[PDB]
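Protein chains in written order, with the working numbering: chain Z, 1348 to 1912; chain L, 1348 to 1912.
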């Protein structure tokens, strides 16, 4: 019974006190209405005293204890003040409003928790939101209200004056916007004395009886006045006064007191609704706590390498990073890298390019085979029996061989270019992977990679050109054709193995080794470390936020464990 | 007749006057005899006046002309003095002897020409040689006389005293040594009064007649005395005195005056004999002139020099030399060099070394073939029972291949060493051929060759090591065996072509090109030219000698042409 419902709301109160209100939905009741709706007078009727316009949400926590009427104000600036008097409450509230908003009429999403424990106030926790009305100001108010009412865990409480058509009210309009079904919307009609025509009377009479699709229905209460702040009427006598009013009323007596009550059972209705709602939303709340904790933990696992700790753990950290980087580079060189689905390794791509090279060599081999075939076939029969000196050229075939070799120069260089490109790309990718968060270090590494790439490229091209220079400068009608064909085959093989050897050696092994040695060379300057390991200064703030979030969530789990016990 | 026979000896007199006595045989009559033979007294009896021991050869030229008594002394010191009086002649002659020999009893090959023209002395040219008998003295004397009597164009004139056994005389002994046939040996017997028995008379008389195989025979004259300088006996009365002496002699009258005369008509007979001798040896003399001229001209042509008159035409010569050198170097590089019989070319030797390399590669190929064959065949079956744990071995075969490749490094380097050595040797040889006479230029060239050799050697070995590094760092029960065997074969071929390509390219082509370009670089410095083209300078002196020789020989040809006309 009572012993079940009190700690029930105490749990959620404790959760919001340490909220944990962010990044997850938390059960609450939001009071929404126009500035002239008089919702403050209703809150005054419930708590005993309220503001005579709020700028920031007021977390009204009411407790019913047969000890004494005591009140404590808790402010988001991590402060707490014991005023022990209802009168001082509104003044200190206004002080807090001045603190949070900025002395003037501003707006803030920061919470003011009002903890009032009294034997004359119903046990109920509800949240008061600022009144409605490019931009100007009211826009951010509607945004603030939307922040709450959009949640399914938030019960809408619309406050509507009796002297206005409820179907044209902005509060109920927004409530319908976020809840078209009306499954979590409660409507209270206030200021029944302020109306001045029978028209409004019967309109209220047909409104109290479900005409609008609100599952929770409607209730009608007396404002008790917002202008009479100092009169200070007792809650019991105020209740009796309201009962007297509705009972004396020609229409409202029989039609309301028999059905939807007018007597301050509103707080009891809100109590029951809050209990049932919380009981409904508890499992998903626990689930979301665990899940959010997991996601925060993972996102935090993605970034954590920050602690320097007297430079030693920092230089050691740098050593670790460079070590891992060099390891991955070595993996790239050896072809022992981890790739994604349908993704191929660098070394394999390079091997494909080598296959292309082999194909080209075969093509040109057959070509020059045909060429020298026709040459030998022709000039061995040319002037076969002419008395001259002879013997129809011999130095000439060498320039044919020269053509055969020369045609291979540019394709090889092109292959070298491609290899250097893709390898460069891979190295840059690794450099980005290991040094993403660190901009300066990444710049240094990439610059180094660029330089070494250029140097080894020059070396490789020089060695290729050297190879071709060596190939050129060094040396029964169709016997010669056979000889030269054999020569072409052997040369084809020799090049087919030689050029990929050069490309692999200079672009993979030597490049990788030089890169690693340069990486080791980097950490030689100690006083440069701080410049190297400079974070974004955005990831740090994010890290702090995630850490605080996780801490708060662990506190939530702890409190939940206490409640379950 | 006479007018024809006089220029016959006048020719040889003119030839020796401009001699051209060196490097060829020249018709002459050499006077040889012992120091105590008294040959000087014989020369005094023949010419009218003589020395009262000669140290240098005396070219006695006697002319019979009905003009006037004239005497002229011609000395090898390029001097000439006309004293026209016998006393001053004999006084100046010993002075000349002192000048040429060195004041003391020395020896010299320098000539003293004595030109005596008188209507009472026979026309005859003869040469007086020093008397016979560390070092001490006689060895070079006998050598000097031998230098003359060895010639077939030289008539021997031996002077032997009557009071001594002619068969034990050294002069006639040497005459027999150089003329065993006795076809050009004449014997004069002197001092017949010094004998003191009839035995020596008859023995000498029967010995001269029919005992020696001398074609020219023997003749006997009176010494006329060497001690009676102040008596001054008339030539006619001396002749009549000699005739009286031989007529009064018991044996000499009938046996000599009837046959081999004793009156100084001997010199006229010697004149005729000289005529016939010169006429006999003239064609071969002309031949020797032609041969010596041709050989001197050719020997001078074998060397081209100097030849800088000035700065122009000198540098151009250097350009030519460097051009030819570079041409020969290019010949070495292309393998288009000229070699001697049974001599091989550098390129061919290098190719042989390459064949050795191929053989080694074949050996190691078969080696690793057998090894991997046994490895795959055995260790794939060497399981405990059924292999259900592996995954046998794969890195092992990789290190086997790696070792197989590594083993080939040192032989290749050795081959490179050998090639660089022999090529260096060849280049140095060419440098020596083109720059033999020029020391400094040769030094510069050889130094350059050394430096370039070292550099390209470093390049070559670096490229070989690079190649092997590329070979290493880059890669039906006996399928693995098949694959690896194919790989070994292809690798074997590839290396077999690659390493000789590197060695040949760097040691022949690049070395040669760098060398030639350096040779072109040499002539950039002008002020170095004179330093570069530095003669032996012994070759300059040799050239001077050859030039003088050629000029003198042309003079000889001129005089001979005058004689022929």
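Every residue, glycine too, gets a C-beta built ideally from N, C-alpha and C.
For residue j and residue i, believed in contact at Cβ under 8 Å, the rounded distance
i: residue 1416 of chain Z; j: residue 1467 of chain Z; result: 7 Å
i: residue 1564 of chain L; j: residue 1607 of chain L; result: 7 Å
i: residue 1492 of chain L; j: residue 1381 of chain L; result: In fact, because the Cβ distance is near 11 Å, the residues do not count as touching under 8 Å.
i: residue 1506 of chain L; j: residue 1386 of chain L; result: 4 Å
i: residue 1820 of chain Z; j: residue 1694 of chain L; result: Actually they do not touch by this definition, with Cβ atoms about 13 Å apart.
i: residue 1532 of chain L; j: residue 1522 of chain L; result: 5 Å
i: residue 1446 of chain L; j: residue 1537 of chain L; result: At roughly 30 Å, the Cβ-Cβ gap does not stay under 8 Å, so residue 1446 of chain L and residue 1537 of chain L are not in contact.
i: residue 1700 of chain L; j: residue 1766 of chain L; result: 6 Å
i: residue 1862 of chain Z; j: residue 1774 of chain Z; result: 7 Å
i: residue 1459 of chain Z; j: residue 1405 of chain Z; result: 5 Å
i: residue 1899 of chain L; j: residue 1367 of chain L; result: 5 Å
i: residue 1454 of chain L; j: residue 1402 of chain L; result: 6 Å
i: residue 1730 of chain Z; j: residue 1739 of chain Z; result: 6 Å
i: residue 1755 of chain L; j: residue 1842 of chain L; result: 7 Å
Residue(s) in a DSSP beta bridge with residue i
i: residue 1565 of chain L; result: L/1534
i: residue 1460 of chain L; result: L/1406, L/1421
i: residue 1474 of chain L; result: L/1377, L/1406
i: residue 1427 of chain Z; result: Z/1421
i: residue 1746 of chain Z; result: Answer is none; residue 1746 of chain Z lacks a bridge partner.
i: residue 1846 of chain L; result: Beta-bridge pairing links residue 1846 of chain L to no other residue.
i: residue 1484 of chain L; result: Residue 1484 of chain L is not bridged to any residue.
i: residue 1479 of chain L; result: L/1381
For residue i, the first and last residue of its enclosing beta strand (DSSP E)
i: residue 1419 of chain Z; result: 1417-1422
i: residue 1377 of chain Z; result: 1375-1380
i: residue 1681 of chain L; result: It is not in any beta strand (DSSP E) - residue 1681 of chain L instead sits in the alpha helix (DSSP H) that spans 1662-1681.
i: residue 1721 of chain Z; result: Taken as a continuous stretch (DSSP letters only), residue 1721 of chain Z belongs to no beta strand (DSSP E), being part of the alpha helix (DSSP H) at 1693-1726.
Burial state of residue i (16 or more Cβ within 10 Å)
i: residue 1481 of chain L; result: exposed
i: residue 1555 of chain Z; result: buried
i: residue 1560 of chain Z; result: exposed
i: residue 1691 of chain Z; result: exposed
i: residue 1599 of chain Z; result: buried
i: residue 1651 of chain L; result: exposed
i: residue 1838 of chain L; result: buried
i: residue 1539 of chain Z; result: buried
i: residue 1374 of chain Z; result: buried
i: residue 1777 of chain Z; result: buried
i: residue 1508 of chain Z; result: buried
i: residue 1772 of chain Z; result: exposed
i: residue 1412 of chain Z; result: exposed
i: residue 1348 of chain Z; result: exposed
i: residue 1657 of chain Z; result: exposed
i: residue 1568 of chain L; result: buried
Residue range of the unbroken alpha helix (DSSP H) whose run includes residue i
i: residue 1503 of chain Z; result: Segment 1501-1508 is the beta strand (DSSP E) holding residue 1503 of chain Z; no alpha helix (DSSP H) there.
i: residue 1365 of chain L; result: Run containing residue 1365 of chain L: none; DSSP gives neither H nor E here.
i: residue 1798 of chain Z; result: 1786-1820
i: residue 1908 of chain L; result: 1885-1911
i: residue 1550 of chain L; result: 1545-1555
i: residue 1824 of chain Z; result: That residue, residue 1824 of chain Z, is in no alpha helix (DSSP H); it is neither H nor E in DSSP.
i: residue 1518 of chain L; result: 1517-1525
i: residue 1739 of chain L; result: Residue 1739 of chain L -> no alpha helix (DSSP H), and no H or E assigned at all.
Closer than 7 Å: residue i CB and nearest the ligand NAP heavy atom
i: residue 1553 of chain Z; result: Annotation note on the ligand NAP: not contained in the displayed structure, which lists no ligands.
Could you list the residues in the segment 1674-1699 of chain L with a C-beta less than 9 Å from some C-beta on chain Z, going in chain order? none
Which residues of the segment 1854-1885 of chain Z have a Cβ closer than 8 Å to any Cβ of chain L? Give them in chain order. 1856
Name the residues in the segment 1820-1838 of chain Z whose C-beta lies less than 9 Å from a C-beta of chain L; which are they? Residues of the segment 1820-1838 of chain Z that bring their beta carbon within less than 9 Å of a beta carbon in chain L comprise 1820, 1821, 1837, 1838, in sequence order.
Check each residue of the segment 1795-1821 of chain L: if its Cβ is closer than 9 Å to any Cβ of chain Z, include it; give the result in chain order. 1810, 1813, 1814, 1816, 1817, 1818, 1820, 1821
Of the residues that make up the segment 1642-1660 of chain Z, which ones have a beta carbon closer than 7 Å to any beta carbon in chain L? none
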